[PDB]
Amino acid sequence: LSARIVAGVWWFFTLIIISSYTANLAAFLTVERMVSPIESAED
Amino acid sequence: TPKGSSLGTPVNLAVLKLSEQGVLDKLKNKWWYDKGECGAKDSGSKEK
């Protein structure tokens, strides 16, 4: 009985994970990353 | 300084000399940054 709920919580977890990964990958594929090598003299 | 005083020119040249010597920068930095709280100076990637 434990393997069903383990596989369910695991599948759910990795589903959240891949949805997040894909979403953020599209986000970085869109935003153009806002690249800034240096900011201040302290840097 | 008072109009046409005898102190205008010397304090003027003084201000310039101090600014060039770095006294002004160090002093301002002293009362603004050196004495002051939360001095992280953009730490932990605050800009991004």
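Line by line, the protein sequences give chains Z and W. In short: position in the first sequence from 1, add 149, done, that's our numbering. In short: position in the second sequence from 1, add 362, done, that's our numbering. The beta carbon of each residue, even a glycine, is placed where N, CA and C say it ideally should be.
Cut-off 7 Å between Cβ atoms - residues of its own chain near residue i, not counting five sequence neighbours on either side
i: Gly370/W; result: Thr363
Beta-carbon contacts of residue i that lie in its chain and below 8 Å, excluding the five residues immediately before and after
i: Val373/W; result: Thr363
i: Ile167/Z; result: none
i: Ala152/Z; result: none
When Cβ atoms are compared, which residues of the region 156-171 of chain Z fall closer than 7 Å to chain W?
Flagged: no residues at all.
Residues, ordered as in the chain, of the region 380-409 of chain W that lie near chain Z by beta-carbon distance below 8 Å
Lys403, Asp404 and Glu409
Taking any Cβ of chain W, which residues in the region 175-191 of chain Z have a Cβ under 9 Å from it, in chain order?
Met183, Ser185, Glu188, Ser189 and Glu191
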